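We just call them A, B, C, D, E and F in the order they show up, numbering each chain from 1.
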Amino acid sequence: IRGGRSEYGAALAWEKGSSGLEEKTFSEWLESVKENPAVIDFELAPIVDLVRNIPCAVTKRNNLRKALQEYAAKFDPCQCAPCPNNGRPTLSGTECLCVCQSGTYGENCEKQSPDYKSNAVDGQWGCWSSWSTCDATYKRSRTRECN
Amino acid sequence: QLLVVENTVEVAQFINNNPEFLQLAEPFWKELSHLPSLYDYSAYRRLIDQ
Amino acid sequence: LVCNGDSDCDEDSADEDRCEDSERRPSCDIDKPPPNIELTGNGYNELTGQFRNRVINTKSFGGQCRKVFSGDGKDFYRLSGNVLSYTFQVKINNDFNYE
Amino acid sequence: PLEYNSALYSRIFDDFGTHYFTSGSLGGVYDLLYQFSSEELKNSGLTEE
Amino acid sequence: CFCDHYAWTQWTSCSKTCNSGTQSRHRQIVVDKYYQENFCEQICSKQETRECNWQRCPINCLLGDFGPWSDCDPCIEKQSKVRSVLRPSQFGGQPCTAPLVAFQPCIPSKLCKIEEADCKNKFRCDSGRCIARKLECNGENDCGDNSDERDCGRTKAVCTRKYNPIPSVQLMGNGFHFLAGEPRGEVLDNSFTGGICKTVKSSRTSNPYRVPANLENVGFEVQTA
Amino acid sequence: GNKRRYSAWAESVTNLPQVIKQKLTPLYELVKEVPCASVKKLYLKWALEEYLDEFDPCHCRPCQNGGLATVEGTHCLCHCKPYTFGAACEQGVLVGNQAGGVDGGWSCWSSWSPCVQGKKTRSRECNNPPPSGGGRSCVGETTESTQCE
């Protein structure tokens, strides 16, 4: 359970599940979720857009753009070994963690529920190759195989 | 044989600031103040102990 | 921070010594820190796995009235000025395994 | 710092991350797996000789 | 059949340490008049095999060596030094225990050129936040200092009630580490009201929530997504 | 435990919650606001490494039955896994499922080579015990190298 309030959420999670949804319990929980929601989905925008009303704002904004470039380059989860069961690798600092598809569990999604029959392997991106030397139009380019 | 392995988290997280902006506790700062400024491992070990 | 109405000198509260009933502001309407935020300031011994003693002052309010409403506890709490975030979304994670 | 120093900026993304939410949905996830396995054997045998 | 009449062997040692090996045990069947007569051929499991060591094989951290020290930062006086992960630890491999960035005191060769905010007419909070003069003596606390409010002998009309904040409204303002998929520090002050009470009902029975300035719209539909 | 009581406890933990999950920063990073703070920060870092040496479970010769040896001051206790007991955990039986064998444990790091060519190097052997009977190899690198202090 993510979101809601501890008592009702506890109630729910402690439900064995032998008969599926405890409708009462669930209801209670969902009212608590109205009281205390959790983030389900979102649209990101880069934090450097916020460096807007400070001394040297434009200088620090451009520095932090540069920074975020470098930082991505250095800590992108592309450099993780692929997670099993087409989980998503993520790189918190210097440890890669796997975010598991629903129907896969264990610390690194290593084992899968009876319903996860699908053996399809999703093609996560490789790391960007280095920028090529400037072409006949003075454009550099870089590519990631997706391999 | 039962196993129950069970967590409730309800402070989804705290994130402490970086060491620059953290405020040290008075007794901890006092113990840092009394560290000998030299590798007397007895003192630093008493620090890591507490 | 002197005579804030808040103890910003961690142990001694010397910034609040002998200062006027006029000078101390209603700096914030609430002083109640989140229910165990003191534990977030303990040191940790990674070999023994034990939490050790108080290392960070997690109730340094910095003169701010940084209220947060906990939907879980359904109460207003005052965060310290330093803490980057403190949030109350619950996660409950149950393994039963009977054999 | 005013001058670019990769470390001290990187700290920024350590502390606050790289993006903020322009929009999103809040709510709750209920995710349950229950799995019951059971197996019985009976044997009965009688001989008269 | 009563198959426990033929106890299993102990489990065979797992075929592999770290990549989902298989271990098996078999019943010590002895063929006997009991086995012949009691359908023990038809309805006993004669061997059992299961998963073992399904935990993925640990990958240990490798760190590169540090680059050169930074040039000395004039306003920080603390040149940095950095190194890179050559591979991250994962699947429970040895963590990158050493520090990834180092800092050292230095004496700058150059002076600072940073400037005060000096934001003209806008009210400079003690924090140095600049807020609309409208908000000076707002009757609220838009600096958090209350520095907008300290000397205000008269205050603008506060809204008629202390409306509740929106549920978990601060989550909407935490920064997000896209590379890590995890929330980070508070980036938007969804507490700041801008001296107005825009207010929204989740339901007409509810006490309305106060919509903070940073949110342009808020919806309270319930959806089974 | 019955539903109601777990309910109530999971409520109460709202009010007296404990740190159940953490990410850690070395304590020397806080060495600040004090005379010689810059120097004390290095001596504290060296003290952390000396202490992790002194209390490294490497010193503890293995416990049977996967008992985790831990240095408690001068001496190692074996924390036997459930329903195993005795000085080594040599006695009783493990409940639940085990992959079997003996898992390999690291020897203590050899002393640092004195940063020759500016690189220190040190080695450990994974002989404490050698992984046996199909137990898993010790987890970690055999050697480390660091820049000289």
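One rule holds for everything that comes next: a residue touches a chain if its C-beta (ideal position, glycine included) is under 8 Å from a C-beta of that chain, and two chains touch if they have at least 3 such contacts.
J.: Per the definition at the top, count C-beta pairs in contact and tell me whether B-D or B-C has more.
T.: Between the two chain pairs, B-C has more contacting C-beta pairs.
J.: When you take the mean of every protein CA atom shown, which chain's own CA mean is nearest to it?
T.: Closest chain centre to the overall C-alpha centroid: E.
J.: Using CA atom averages as chain centres, what separation in Å is found between subunit A and subunit C?
T.: Subunit A and subunit C have C-alpha centres separated by 29 Å.
J.: I'd like to verify one number: the distance from the centre of subunit B to the centre of subunit E, where each centre is the average of its C-alpha atoms, in whole angstrom.
T.: Result: the chain centres lie 21 Å from each other.
J.: Centroid of subunit B to centroid of subunit F, CA atoms only: how many Å?
T.: Between these chains, centre-to-centre, one finds 17 Å.
J.: Where in subunit F do residues touch two or more of the other chains?
T.: Each of 10, 13-14, 17, 27, 30 in subunit F touches at least two other chains.
J.: Would you give the residues of subunit D that are in contact with at least 2 other chains, written as numbers and ranges?
T.: Touching at least two other chains: 2-3, 6, 10, 13-21, 24-27.
J.: Please list, in label order, each pair of chains that touches.
T.: Taking the chains two at a time, the touching pairs are A-B, A-C, A-D, A-E, A-F, B-C, B-D, B-E, B-F, C-E, C-F, D-E, E-F.
J.: Where on subunit D is subunit B touching in the complex?
T.: Residue positions touching the partner: 11, 14-15.
J.: Okay, in this complex, where on subunit C does subunit E touch?
T.: 25, 27, 63-69, 71, 84-85, 87-89
J.: Mind listing the subunit E positions that touch subunit C in their complex?
T.: 141, 144-146, 150, 164-165, 167-168, 170-171, 174, 183-186, 191
J.: Please name which positions on subunit C make contact with subunit B in the complex.
T.: Spelled out, the residues of subunit C in touch with subunit B are 9-12, 34, 37, 40-41, 45, 52-58, 60, 72, 80, 82-99.
J.: What residues of subunit E sit close enough to touch subunit B in their complex?
T.: Residues 183-185 of subunit E touch subunit B in their complex.
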